[PDB]
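Next up: a single chain in structure tokens, the form deposited without the named molecule.
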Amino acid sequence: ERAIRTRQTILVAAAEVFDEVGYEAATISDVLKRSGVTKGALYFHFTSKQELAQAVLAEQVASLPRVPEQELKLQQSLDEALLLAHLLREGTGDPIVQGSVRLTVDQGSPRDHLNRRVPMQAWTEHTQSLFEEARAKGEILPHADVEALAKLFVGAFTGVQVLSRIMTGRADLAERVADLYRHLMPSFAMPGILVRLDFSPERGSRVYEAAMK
């Protein structure tokens, strides 16, 4: 068990380094200094900065805390989005998801062998799973393209987050994520599921409080 704890001490250190200076500018020593583990300690778990970065990308979907199982399936999606918004904002929520976001958004190069496809594909299928469930519980309009909507939400979320970083340091992210869902859902969500959805910041906070405890 002393191996699985020290690997996470490495991964968080790498992600922390990657968040602040990007994949390019970061060195293996940067990650080594932050983690405060030995050269050989590192070498057991990760062979290279690439292998490090790929792993922090790989644990982006599994990293996000899952909310208590909601009765309305679209509300789960709404709550998850506003949780992720609160997680990125205050920071102290999660350290991996920040650097893993920056690793995915950063353009980089084909010469660096990062696979930004993995955290983005797996994120889309997860969003598709919820929308596929919500359809089985009859929450979405009869002829909606569940696949195109997953891609759209996964896209739009990334960019609403990008803008919110630039303009306000993510201070308004809650309001903007809420805005995205408040405007996107009238197109595919059943009317009446629309009146039943809880957009308020007061509710979304009471999910951030509950996820920690």
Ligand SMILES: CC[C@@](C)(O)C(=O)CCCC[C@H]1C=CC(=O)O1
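All residue numbers refer to positions in the sequence shown, first residue = 1.
Below: the form solved in complex with the named molecule, not depicted.
The listed set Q161, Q54, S63, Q70 contains one residue whose heavy atoms approach the named molecule in the bound PDB entry to within 4.5 Å, identified as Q161. Put simply, of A174, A58, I28, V154 only one has a heavy atom within 4.5 Å of the named molecule in the bound PDB entry, and it is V154.
The putative spot formed by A81, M120 and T127 is fully lined by the named molecule in the bound PDB entry; each residue has a non-hydrogen atom within 4.5 angstroms of it. The shortest heavy atom separation between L87 and the named molecule in the bound PDB entry exceeds 4.5 Å. Although the partner is absent from this view, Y181 contacts the named molecule in the bound PDB entry, with a non-hydrogen atom inside 4.5 angstroms. Interface residue remark: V101 is counted as part of the site for the named molecule in the bound PDB entry, having a heavy atom within 4.5 Å. At a distance threshold of 4.5 angstroms between non-hydrogen atoms, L114 is out of contact with the named molecule in the bound PDB entry.
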